[PDB]
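The next block is query.pdb, given as PDB, C-alpha atoms.
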ATOM      1  CA  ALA S   1      43.512  62.770 115.240
ATOM      2  CA  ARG S   2      46.092  65.372 114.202
ATOM      3  CA  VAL S   3      47.871  67.358 116.888
ATOM      4  CA  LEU S   4      50.299  69.970 115.493
TER       5      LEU S   4
ATOM      6  CA  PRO O   1      40.478  87.919 126.871
ATOM      7  CA  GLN O   2      42.554  88.760 123.795
ATOM      8  CA  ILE O   3      45.832  86.828 123.650
ATOM      9  CA  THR O   4      48.679  87.919 121.401
ATOM     10  CA  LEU O   5      51.287  85.462 120.165
ATOM     11  CA  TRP O   6      54.701  87.012 120.869
ATOM     12  CA  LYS O   7      54.926  84.413 123.639
ATOM     13  CA  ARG O   8      53.474  80.884 123.758
ATOM     14  CA  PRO O   9      49.747  81.141 124.708
ATOM     15  CA  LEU O  10      50.120  79.240 128.005
ATOM     16  CA  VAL O  11      47.181  79.400 130.435
ATOM     17  CA  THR O  12      46.139  77.838 133.740
ATOM     18  CA  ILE O  13      43.500  75.126 133.596
ATOM     19  CA  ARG O  14      41.685  73.132 136.338
ATOM     20  CA  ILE O  15      41.069  69.440 135.697
ATOM     21  CA  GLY O  16      40.302  66.613 138.115
ATOM     22  CA  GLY O  17      40.556  69.314 140.776
ATOM     23  CA  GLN O  18      44.205  70.146 139.995
ATOM     24  CA  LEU O  19      45.776  73.216 138.384
ATOM     25  CA  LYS O  20      48.014  72.700 135.331
ATOM     26  CA  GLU O  21      49.521  74.939 132.648
ATOM     27  CA  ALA O  22      48.476  74.274 129.057
ATOM     28  CA  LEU O  23      49.048  75.714 125.601
ATOM     29  CA  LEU O  24      46.066  77.026 123.593
ATOM     30  CA  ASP O  25      46.701  75.187 120.336
ATOM     31  CA  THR O  26      44.593  75.918 117.227
ATOM     32  CA  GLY O  27      46.677  73.373 115.320
ATOM     33  CA  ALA O  28      45.438  70.529 117.505
ATOM     34  CA  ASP O  29      42.143  68.725 116.818
ATOM     35  CA  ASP O  30      42.289  67.235 120.313
ATOM     36  CA  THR O  31      43.294  68.180 123.862
ATOM     37  CA  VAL O  32      46.340  66.168 125.022
ATOM     38  CA  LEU O  33      47.832  66.312 128.516
ATOM     39  CA  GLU O  34      51.020  64.841 129.929
ATOM     40  CA  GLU O  35      50.787  61.711 132.056
ATOM     41  CA  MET O  36      48.420  62.128 134.978
ATOM     42  CA  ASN O  37      45.596  60.222 136.619
ATOM     43  CA  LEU O  38      42.016  61.103 135.658
ATOM     44  CA  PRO O  39      38.897  59.506 137.118
ATOM     45  CA  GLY O  40      36.683  57.158 135.107
ATOM     46  CA  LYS O  41      37.041  54.783 132.200
ATOM     47  CA  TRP O  42      39.465  55.370 129.354
ATOM     48  CA  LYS O  43      40.005  53.702 125.980
ATOM     49  CA  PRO O  44      43.353  53.275 124.223
ATOM     50  CA  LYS O  45      43.731  55.555 121.187
ATOM     51  CA  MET O  46      46.485  56.719 118.852
ATOM     52  CA  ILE O  47      47.108  60.283 117.652
ATOM     53  CA  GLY O  48      49.595  61.880 115.271
ATOM     54  CA  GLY O  49      51.740  64.976 115.431
ATOM     55  CA  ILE O  50      54.661  66.457 113.574
ATOM     56  CA  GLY O  51      57.042  63.704 114.741
ATOM     57  CA  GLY O  52      54.717  60.711 114.203
ATOM     58  CA  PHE O  53      52.118  58.775 116.196
ATOM     59  CA  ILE O  54      51.740  58.117 119.915
ATOM     60  CA  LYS O  55      49.528  55.999 122.156
ATOM     61  CA  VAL O  56      47.209  57.910 124.499
ATOM     62  CA  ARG O  57      44.414  57.206 126.993
ATOM     63  CA  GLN O  58      41.086  58.739 125.909
ATOM     64  CA  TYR O  59      38.881  60.087 128.691
ATOM     65  CA  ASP O  60      35.419  61.261 127.616
ATOM     66  CA  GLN O  61      33.149  63.970 129.075
ATOM     67  CA  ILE O  62      35.831  65.422 131.351
ATOM     68  CA  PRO O  63      35.181  68.845 132.874
ATOM     69  CA  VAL O  64      38.022  71.317 132.291
ATOM     70  CA  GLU O  65      38.081  74.961 133.340
ATOM     71  CA  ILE O  66      40.237  77.148 131.061
ATOM     72  CA  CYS O  67      40.970  80.716 132.215
ATOM     73  CA  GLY O  68      37.718  80.569 134.159
ATOM     74  CA  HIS O  69      35.688  79.266 131.184
ATOM     75  CA  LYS O  70      33.945  75.915 131.535
ATOM     76  CA  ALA O  71      34.331  73.045 129.068
ATOM     77  CA  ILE O  72      33.351  69.394 129.347
ATOM     78  CA  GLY O  73      34.848  67.078 126.749
ATOM     79  CA  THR O  74      37.424  64.573 125.556
ATOM     80  CA  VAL O  75      40.891  64.717 127.106
ATOM     81  CA  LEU O  76      43.723  62.521 125.848
ATOM     82  CA  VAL O  77      46.582  61.632 128.217
ATOM     83  CA  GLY O  78      50.021  60.516 127.089
ATOM     84  CA  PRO O  79      53.616  61.415 126.118
ATOM     85  CA  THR O  80      53.061  64.893 124.697
ATOM     86  CA  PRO O  81      55.900  67.425 125.202
ATOM     87  CA  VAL O  82      53.463  70.062 126.516
ATOM     88  CA  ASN O  83      49.863  70.130 127.751
ATOM     89  CA  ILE O  84      47.754  71.306 124.821
ATOM     90  CA  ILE O  85      44.205  72.563 124.622
ATOM     91  CA  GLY O  86      42.933  71.688 121.170
ATOM     92  CA  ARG O  87      39.929  72.705 119.136
ATOM     93  CA  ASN O  88      37.525  70.276 120.784
ATOM     94  CA  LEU O  89      37.649  72.459 123.934
ATOM     95  CA  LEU O  90      38.642  75.775 122.298
ATOM     96  CA  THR O  91      35.273  75.757 120.517
ATOM     97  CA  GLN O  92      33.442  75.234 123.804
ATOM     98  CA  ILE O  93      34.943  78.381 125.382
ATOM     99  CA  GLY O  94      34.120  80.454 122.259
ATOM    100  CA  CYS O  95      37.714  80.896 121.124
ATOM    101  CA  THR O  96      38.399  82.374 117.651
ATOM    102  CA  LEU O  97      41.437  83.580 115.702
ATOM    103  CA  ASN O  98      41.312  87.190 114.576
ATOM    104  CA  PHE O  99      43.527  89.348 112.353
TER     105      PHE O  99
ATOM    106  CA  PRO B   1      38.994  88.188 109.368
ATOM    107  CA  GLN B   2      37.626  86.046 112.189
ATOM    108  CA  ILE B   3      38.323  82.316 111.980
ATOM    109  CA  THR B   4      36.193  79.941 114.055
ATOM    110  CA  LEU B   5      37.616  76.618 115.224
ATOM    111  CA  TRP B   6      34.878  74.137 114.373
ATOM    112  CA  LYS B   7      37.167  72.963 111.578
ATOM    113  CA  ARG B   8      40.938  73.105 111.139
ATOM    114  CA  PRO B   9      41.819  76.783 110.530
ATOM    115  CA  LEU B  10      43.173  76.296 107.013
ATOM    116  CA  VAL B  11      43.903  79.401 104.965
ATOM    117  CA  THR B  12      45.593  80.274 101.679
ATOM    118  CA  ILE B  13      49.178  81.479 101.755
ATOM    119  CA  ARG B  14      51.561  82.642  99.064
ATOM    120  CA  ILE B  15      55.235  81.610  99.309
ATOM    121  CA  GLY B  16      58.045  81.397  96.785
ATOM    122  CA  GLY B  17      55.569  82.068  93.975
ATOM    123  CA  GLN B  18      53.161  79.286  95.030
ATOM    124  CA  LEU B  19      49.681  79.406  96.595
ATOM    125  CA  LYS B  20      49.252  76.736  99.290
ATOM    126  CA  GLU B  21      46.804  75.758 102.050
ATOM    127  CA  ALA B  22      48.192  76.141 105.571
ATOM    128  CA  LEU B  23      47.056  75.664 109.126
ATOM    129  CA  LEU B  24      47.115  78.653 111.508
ATOM    130  CA  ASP B  25      48.792  77.042 114.525
ATOM    131  CA  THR B  26      49.122  78.952 117.852
ATOM    132  CA  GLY B  27      50.840  75.870 119.287
ATOM    133  CA  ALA B  28      53.732  76.171 116.822
ATOM    134  CA  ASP B  29      56.736  78.419 117.560
ATOM    135  CA  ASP B  30      57.908  78.110 113.961
ATOM    136  CA  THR B  31      56.421  77.890 110.474
ATOM    137  CA  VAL B  32      56.907  74.475 108.830
ATOM    138  CA  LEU B  33      56.072  73.772 105.204
ATOM    139  CA  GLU B  34      55.705  70.512 103.310
ATOM    140  CA  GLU B  35      58.643  69.562 101.133
ATOM    141  CA  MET B  36      59.259  72.185  98.476
ATOM    142  CA  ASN B  37      62.281  73.217  96.477
ATOM    143  CA  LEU B  38      62.891  76.825  97.591
ATOM    144  CA  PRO B  39      65.987  78.584  96.336
ATOM    145  CA  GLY B  40      68.465  80.024  98.826
ATOM    146  CA  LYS B  41      70.853  79.154 101.609
ATOM    147  CA  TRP B  42      69.477  77.062 104.438
ATOM    148  CA  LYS B  43      70.747  75.256 107.493
ATOM    149  CA  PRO B  44      69.670  71.993 109.121
ATOM    150  CA  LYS B  45      67.432  72.009 112.187
ATOM    151  CA  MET B  46      65.450  69.525 114.285
ATOM    152  CA  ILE B  47      61.930  70.413 115.439
ATOM    153  CA  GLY B  48      59.760  68.459 117.831
ATOM    154  CA  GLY B  49      56.174  67.841 118.717
ATOM    155  CA  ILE B  50      53.873  64.908 119.346
ATOM    156  CA  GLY B  51      55.645  61.781 118.122
ATOM    157  CA  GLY B  52      59.194  63.128 118.342
ATOM    158  CA  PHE B  53      61.449  65.165 116.117
ATOM    159  CA  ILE B  54      61.814  65.630 112.380
ATOM    160  CA  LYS B  55      64.690  67.003 110.342
ATOM    161  CA  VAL B  56      63.991  70.280 108.483
ATOM    162  CA  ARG B  57      65.728  72.910 106.352
ATOM    163  CA  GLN B  58      65.751  76.408 107.824
ATOM    164  CA  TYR B  59      65.393  79.282 105.320
ATOM    165  CA  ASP B  60      65.570  82.885 106.585
ATOM    166  CA  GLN B  61      63.862  86.088 105.391
ATOM    167  CA  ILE B  62      61.329  84.392 103.156
ATOM    168  CA  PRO B  63      58.271  86.512 102.210
ATOM    169  CA  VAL B  64      54.972  84.782 103.028
ATOM    170  CA  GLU B  65      51.556  86.327 102.428
ATOM    171  CA  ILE B  66      48.764  84.907 104.610
ATOM    172  CA  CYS B  67      45.230  85.735 103.445
ATOM    173  CA  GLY B  68      46.536  88.968 101.878
ATOM    174  CA  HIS B  69      48.613  90.004 104.903
ATOM    175  CA  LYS B  70      52.328  90.208 104.155
ATOM    176  CA  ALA B  71      54.909  88.625 106.419
ATOM    177  CA  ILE B  72      58.587  87.823 106.092
ATOM    178  CA  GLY B  73      60.540  85.422 108.194
ATOM    179  CA  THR B  74      62.024  82.041 108.856
ATOM    180  CA  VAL B  75      60.411  79.068 107.160
ATOM    181  CA  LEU B  76      61.244  75.447 107.919
ATOM    182  CA  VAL B  77      60.876  72.848 105.150
ATOM    183  CA  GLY B  78      60.567  69.162 105.808
ATOM    184  CA  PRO B  79      58.324  66.104 106.020
ATOM    185  CA  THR B  80      55.505  67.687 107.945
ATOM    186  CA  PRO B  81      52.113  66.175 107.081
ATOM    187  CA  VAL B  82      50.510  69.666 106.779
ATOM    188  CA  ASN B  83      51.748  73.215 106.115
ATOM    189  CA  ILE B  84      51.840  75.003 109.460
ATOM    190  CA  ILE B  85      51.883  78.768 110.102
ATOM    191  CA  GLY B  86      53.489  79.326 113.482
ATOM    192  CA  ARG B  87      53.746  82.287 115.861
ATOM    193  CA  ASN B  88      56.764  83.776 114.120
ATOM    194  CA  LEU B  89      54.506  84.829 111.217
ATOM    195  CA  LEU B  90      51.166  84.996 113.105
ATOM    196  CA  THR B  91      52.527  87.882 115.152
ATOM    197  CA  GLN B  92      53.435  89.753 111.920
ATOM    198  CA  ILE B  93      49.842  89.618 110.651
ATOM    199  CA  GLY B  94      48.402  90.819 113.984
ATOM    200  CA  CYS B  95      46.723  87.493 114.790
ATOM    201  CA  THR B  96      45.198  87.078 118.256
ATOM    202  CA  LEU B  97      43.236  84.464 120.136
ATOM    203  CA  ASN B  98      39.973  85.778 121.528
ATOM    204  CA  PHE B  99      37.379  84.398 123.924
TER     205      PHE B  99
END
What would the structure in this file look like if it were written as structure tokens?
Amino acid sequence: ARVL
Amino acid sequence: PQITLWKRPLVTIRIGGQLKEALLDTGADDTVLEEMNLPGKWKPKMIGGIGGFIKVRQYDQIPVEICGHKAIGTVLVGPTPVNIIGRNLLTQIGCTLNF
Amino acid sequence: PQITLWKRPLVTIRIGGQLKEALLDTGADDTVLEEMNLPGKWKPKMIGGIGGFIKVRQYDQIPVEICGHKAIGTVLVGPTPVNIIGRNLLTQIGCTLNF
């Protein structure tokens, strides 16, 4: 999970 | 609505019967909220951002109302700097980027 | 164009004579590119998100074309895991969120  | 980006796209959401402010974040796969209590079971998970990885609580099938639009989905809770609505819920409310 | 959010909104950009893939990120104030050896004066900066802060190089007045739409502004260079187009350039290409 990538949260930018 | 149409939201321009001269200011952070902050909106009011309702979750667990409480109002909170959150950022509409197309760069996030997932919705992540600052520490709060949510009802039901959760599972420990880890997610990554620009500064590295954090531990979060994963709540599934959570109803969230975003600017009056209904979503029901995964909400992660943990040490994020800002409440973020990510693509998992943005898709449910029919949100697109346009230029 | 209209970009749906079922997948990460990755688009082609042109910067410093290179074509690159970048994420359109409404949750980002600033534009942050993966390590690259741009010419010019820069100054150090710290930027934060999930996980904490990273150290970046701030370059000003850098032309960036995003899917054919020209922009010019501040670009941050550092150990981001993905190239990120933030609001500073999204506003210049007339990008909105719509639902």
Answer key for the PyMOL selection byres ((chain B) within 10 of (chain O)), residues as a count of residues only: 49
Separation of CA of residue 62 (chain O) from CA of residue 35 (chain O) in Å: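 Those two atoms sit 15.4 Å apart.
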Show me, as AutoDock Vina command-line options, the centre and edge lengths in Å to one decimal of the axis-aligned box that covers every listed atom of chain S with 6 Å on each side.
--center_x 46.9 --center_y 66.4 --center_z 115.5 --size_x 18.8 --size_y 19.2 --size_z 14.7
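The space separating CA of residue 21 (chain B) from CA of residue 40 (chain B) comes to 22.3 Å.
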Which polymer residues, protein or nucleic acid, are no farther than 7 Å from (63.0, 71.6, 107.5), counting all atoms listed in the file, as an MDAnalysis selection string? chainID B and resid 32 44:45 55:58 76:78
Next, the residues of the selection above should be written as a JSON list (two decimals), keeping the file's coordinate frame with C-alpha atoms.
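Here's the written file selection23.json:
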[["chain", "number", "residue", "atom", "x", "y", "z"],
["B", 32, "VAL", "CA", 56.91, 74.47, 108.83],
["B", 44, "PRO", "CA", 69.67, 71.99, 109.12],
["B", 45, "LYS", "CA", 67.43, 72.01, 112.19],
["B", 55, "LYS", "CA", 64.69, 67.00, 110.34],
["B", 56, "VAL", "CA", 63.99, 70.28, 108.48],
["B", 57, "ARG", "CA", 65.73, 72.91, 106.35],
["B", 58, "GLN", "CA", 65.75, 76.41, 107.82],
["B", 76, "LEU", "CA", 61.24, 75.45, 107.92],
["B", 77, "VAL", "CA", 60.88, 72.85, 105.15],
["B", 78, "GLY", "CA", 60.57, 69.16, 105.81]]
Determine the nearest neighbour of chain S from the options O:46, O:13, O:19, O:33, counting all atoms listed in the file.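 Among the listed residues, the smallest separation from chain S belongs to O:46.
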Can you measure CA of residue 15 (chain O) to CA of residue 2 (chain S) for me? One decimal in Å is fine.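 CA of residue 2 (chain S) lies at a distance of 22.4 Å from CA of residue 15 (chain O).
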Superposed chain O (on chain B, all in-order C-alpha pairs) as an mmCIF file with C-alpha atoms, in the coordinates of the input:
data_model
loop_
_atom_site.group_PDB
_atom_site.id
_atom_site.type_symbol
_atom_site.label_atom_id
_atom_site.label_comp_id
_atom_site.auth_asym_id
_atom_site.auth_seq_id
_atom_site.Cartn_x
_atom_site.Cartn_y
_atom_site.Cartn_z
ATOM 1 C CA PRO O 1 39.106 88.320 109.579
ATOM 2 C CA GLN O 2 37.680 86.397 112.537
ATOM 3 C CA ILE O 3 38.163 82.633 112.225
ATOM 4 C CA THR O 4 36.159 80.196 114.322
ATOM 5 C CA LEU O 5 37.448 76.717 115.099
ATOM 6 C CA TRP O 6 34.639 74.276 114.263
ATOM 7 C CA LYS O 7 36.783 73.377 111.251
ATOM 8 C CA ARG O 8 40.586 73.351 110.920
ATOM 9 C CA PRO O 9 41.773 76.967 110.313
ATOM 10 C CA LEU O 10 43.190 76.264 106.831
ATOM 11 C CA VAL O 11 44.074 79.291 104.680
ATOM 12 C CA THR O 12 45.739 80.014 101.341
ATOM 13 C CA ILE O 13 49.277 81.360 101.448
ATOM 14 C CA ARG O 14 51.675 82.559 98.690
ATOM 15 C CA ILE O 15 55.339 81.618 99.029
ATOM 16 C CA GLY O 16 58.103 81.499 96.427
ATOM 17 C CA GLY O 17 55.382 82.616 94.021
ATOM 18 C CA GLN O 18 53.219 79.512 94.571
ATOM 19 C CA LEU O 19 49.870 79.082 96.328
ATOM 20 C CA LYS O 20 49.623 76.488 99.121
ATOM 21 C CA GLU O 21 47.120 75.672 101.869
ATOM 22 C CA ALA O 22 48.337 75.962 105.456
ATOM 23 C CA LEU O 23 46.977 75.604 108.972
ATOM 24 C CA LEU O 24 47.062 78.612 111.337
ATOM 25 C CA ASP O 25 48.673 76.948 114.341
ATOM 26 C CA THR O 26 49.004 78.806 117.670
ATOM 27 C CA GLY O 27 50.617 75.696 119.148
ATOM 28 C CA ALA O 28 53.597 75.975 116.815
ATOM 29 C CA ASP O 29 56.591 78.212 117.601
ATOM 30 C CA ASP O 30 57.710 77.898 113.981
ATOM 31 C CA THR O 31 56.254 77.749 110.465
ATOM 32 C CA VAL O 32 56.832 74.314 108.871
ATOM 33 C CA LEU O 33 55.921 73.403 105.294
ATOM 34 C CA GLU O 34 55.933 70.077 103.488
ATOM 35 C CA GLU O 35 58.780 69.318 101.102
ATOM 36 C CA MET O 36 59.176 71.977 98.439
ATOM 37 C CA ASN O 37 61.951 74.008 96.867
ATOM 38 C CA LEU O 38 62.611 77.515 98.201
ATOM 39 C CA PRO O 39 65.229 79.915 96.862
ATOM 40 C CA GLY O 40 68.366 80.801 98.820
ATOM 41 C CA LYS O 41 70.560 79.222 101.449
ATOM 42 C CA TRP O 42 69.217 76.909 104.126
ATOM 43 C CA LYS O 43 70.715 75.385 107.271
ATOM 44 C CA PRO O 44 69.878 71.957 108.695
ATOM 45 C CA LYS O 45 67.802 72.150 111.890
ATOM 46 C CA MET O 46 65.772 69.816 114.087
ATOM 47 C CA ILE O 47 62.323 70.492 115.562
ATOM 48 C CA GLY O 48 60.004 68.565 117.868
ATOM 49 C CA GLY O 49 56.309 67.822 117.823
ATOM 50 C CA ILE O 50 53.896 65.513 119.562
ATOM 51 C CA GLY O 51 55.416 62.400 117.946
ATOM 52 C CA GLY O 52 59.109 63.305 118.391
ATOM 53 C CA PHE O 53 61.804 65.159 116.447
ATOM 54 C CA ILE O 54 62.355 65.672 112.727
ATOM 55 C CA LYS O 55 65.051 67.129 110.488
ATOM 56 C CA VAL O 56 64.089 70.258 108.537
ATOM 57 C CA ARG O 57 65.704 72.825 106.230
ATOM 58 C CA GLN O 58 65.673 76.341 107.727
ATOM 59 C CA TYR O 59 65.159 79.197 105.278
ATOM 60 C CA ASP O 60 65.509 82.696 106.744
ATOM 61 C CA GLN O 61 63.844 85.989 105.741
ATOM 62 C CA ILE O 62 61.329 84.358 103.397
ATOM 63 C CA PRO O 63 58.365 86.453 102.264
ATOM 64 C CA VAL O 64 55.006 84.746 102.839
ATOM 65 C CA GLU O 65 51.585 86.224 102.137
ATOM 66 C CA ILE O 66 48.851 84.841 104.425
ATOM 67 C CA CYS O 67 45.227 85.685 103.556
ATOM 68 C CA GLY O 68 46.542 88.824 101.885
ATOM 69 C CA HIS O 69 48.700 89.837 104.882
ATOM 70 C CA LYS O 70 52.443 90.172 104.363
ATOM 71 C CA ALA O 71 55.056 88.426 106.507
ATOM 72 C CA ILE O 72 58.776 87.938 105.967
ATOM 73 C CA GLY O 73 60.448 85.376 108.201
ATOM 74 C CA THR O 74 61.791 81.912 108.933
ATOM 75 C CA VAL O 75 60.204 78.973 107.120
ATOM 76 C CA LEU O 76 61.166 75.388 107.925
ATOM 77 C CA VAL O 77 60.723 72.697 105.253
ATOM 78 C CA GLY O 78 60.447 68.991 105.980
ATOM 79 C CA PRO O 79 58.254 65.940 106.729
ATOM 80 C CA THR O 80 55.361 67.635 108.513
ATOM 81 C CA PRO O 81 51.890 66.077 108.015
ATOM 82 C CA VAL O 82 50.364 69.478 107.163
ATOM 83 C CA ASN O 83 51.659 72.938 106.244
ATOM 84 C CA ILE O 84 51.573 74.990 109.438
ATOM 85 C CA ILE O 85 51.834 78.701 110.049
ATOM 86 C CA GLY O 86 53.326 79.133 113.497
ATOM 87 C CA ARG O 87 53.691 82.044 115.861
ATOM 88 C CA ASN O 88 56.780 83.488 114.197
ATOM 89 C CA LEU O 89 54.559 84.580 111.268
ATOM 90 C CA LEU O 90 51.214 84.771 113.122
ATOM 91 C CA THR O 91 52.659 87.643 115.167
ATOM 92 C CA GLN O 92 53.685 89.489 112.010
ATOM 93 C CA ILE O 93 50.120 89.516 110.616
ATOM 94 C CA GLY O 94 48.714 90.717 113.979
ATOM 95 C CA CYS O 95 46.949 87.472 114.847
ATOM 96 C CA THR O 96 45.511 87.023 118.375
ATOM 97 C CA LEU O 97 43.309 84.490 120.169
ATOM 98 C CA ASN O 98 40.109 85.876 121.638
ATOM 99 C CA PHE O 99 37.375 84.434 123.862
#
Protein, DNA and RNA residues within 7 Å of (52.0, 72.8, 99.3), only C-alpha atoms, as a list in words: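 Protein and nucleic acid residues near the point are residues 20, 21, 34 and 83 of chain B.
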Rank B:30, B:71, B:39, B:61 by their smallest atom-to-atom distance to chain S, using only C-alpha atoms, and report the top residue only.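 Using only C-alpha atoms, chain S sits closest to B:30.
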Between O:43, O:37, O:31, O:66, single out the one closest to residue 4 (chain S), counting only C-alpha atoms.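 Selected residue with least distance to residue 4 (chain S): O:31.
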Export of region 20-37 of chain B: N, CA and C atoms, as a PDB file, in the first residue's frame:
ATOM      1  N   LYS B  20       9.438  10.800 -18.403  1.00  0.00           N
ATOM      2  CA  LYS B  20       9.337  10.016 -17.172  1.00  0.00           C
ATOM      3  C   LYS B  20       7.862   9.748 -16.888  1.00  0.00           C
ATOM      4  N   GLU B  21       7.595   8.726 -16.081  1.00  0.00           N
ATOM      5  CA  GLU B  21       6.245   8.413 -15.612  1.00  0.00           C
ATOM      6  C   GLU B  21       6.087   9.102 -14.259  1.00  0.00           C
ATOM      7  N   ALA B  22       4.942   9.744 -14.029  1.00  0.00           N
ATOM      8  CA  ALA B  22       4.708  10.430 -12.776  1.00  0.00           C
ATOM      9  C   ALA B  22       3.263  10.317 -12.369  1.00  0.00           C
ATOM     10  N   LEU B  23       3.073  10.372 -11.061  1.00  0.00           N
ATOM     11  CA  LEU B  23       1.784  10.220 -10.419  1.00  0.00           C
ATOM     12  C   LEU B  23       1.144  11.583 -10.183  1.00  0.00           C
ATOM     13  N   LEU B  24      -0.076  11.776 -10.679  1.00  0.00           N
ATOM     14  CA  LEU B  24      -0.812  13.027 -10.431  1.00  0.00           C
ATOM     15  C   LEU B  24      -1.360  12.924  -9.003  1.00  0.00           C
ATOM     16  N   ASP B  25      -0.888  13.791  -8.111  1.00  0.00           N
ATOM     17  CA  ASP B  25      -1.115  13.644  -6.684  1.00  0.00           C
ATOM     18  C   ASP B  25      -1.699  14.911  -6.058  1.00  0.00           C
ATOM     19  N   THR B  26      -3.032  14.953  -5.948  1.00  0.00           N
ATOM     20  CA  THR B  26      -3.768  16.061  -5.291  1.00  0.00           C
ATOM     21  C   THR B  26      -3.458  16.241  -3.802  1.00  0.00           C
ATOM     22  N   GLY B  27      -2.922  15.193  -3.191  1.00  0.00           N
ATOM     23  CA  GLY B  27      -2.478  15.241  -1.802  1.00  0.00           C
ATOM     24  C   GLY B  27      -1.071  15.786  -1.586  1.00  0.00           C
ATOM     25  N   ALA B  28      -0.396  16.164  -2.665  1.00  0.00           N
ATOM     26  CA  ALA B  28       0.955  16.701  -2.585  1.00  0.00           C
ATOM     27  C   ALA B  28       0.955  18.197  -2.855  1.00  0.00           C
ATOM     28  N   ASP B  29       1.510  18.987  -1.936  1.00  0.00           N
ATOM     29  CA  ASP B  29       1.658  20.437  -2.170  1.00  0.00           C
ATOM     30  C   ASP B  29       2.690  20.730  -3.267  1.00  0.00           C
ATOM     31  N   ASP B  30       3.718  19.882  -3.295  1.00  0.00           N
ATOM     32  CA  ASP B  30       4.916  20.082  -4.089  1.00  0.00           C
ATOM     33  C   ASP B  30       5.099  18.906  -5.041  1.00  0.00           C
ATOM     34  N   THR B  31       5.938  19.137  -6.041  1.00  0.00           N
ATOM     35  CA  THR B  31       6.307  18.130  -7.035  1.00  0.00           C
ATOM     36  C   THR B  31       7.656  17.536  -6.623  1.00  0.00           C
ATOM     37  N   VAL B  32       7.748  16.211  -6.571  1.00  0.00           N
ATOM     38  CA  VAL B  32       8.928  15.537  -6.034  1.00  0.00           C
ATOM     39  C   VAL B  32       9.330  14.454  -7.018  1.00  0.00           C
ATOM     40  N   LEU B  33      10.534  14.574  -7.551  1.00  0.00           N
ATOM     41  CA  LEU B  33      11.016  13.611  -8.540  1.00  0.00           C
ATOM     42  C   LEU B  33      12.080  12.708  -7.971  1.00  0.00           C
ATOM     43  N   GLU B  34      12.139  11.488  -8.501  1.00  0.00           N
ATOM     44  CA  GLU B  34      13.181  10.528  -8.145  1.00  0.00           C
ATOM     45  C   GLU B  34      14.525  11.139  -8.492  1.00  0.00           C
ATOM     46  N   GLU B  35      15.558  10.647  -7.825  1.00  0.00           N
ATOM     47  CA  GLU B  35      16.901  11.171  -7.979  1.00  0.00           C
ATOM     48  C   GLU B  35      17.260  11.316  -9.454  1.00  0.00           C
ATOM     49  N   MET B  36      17.725  12.512  -9.797  1.00  0.00           N
ATOM     50  CA  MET B  36      18.125  12.840 -11.147  1.00  0.00           C
ATOM     51  C   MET B  36      19.069  14.032 -11.062  1.00  0.00           C
ATOM     52  N   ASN B  37      19.969  14.099 -12.031  1.00  0.00           N
ATOM     53  CA  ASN B  37      21.077  15.032 -11.970  1.00  0.00           C
ATOM     54  C   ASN B  37      20.844  16.317 -12.767  1.00  0.00           C
TER      55      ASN B  37
END
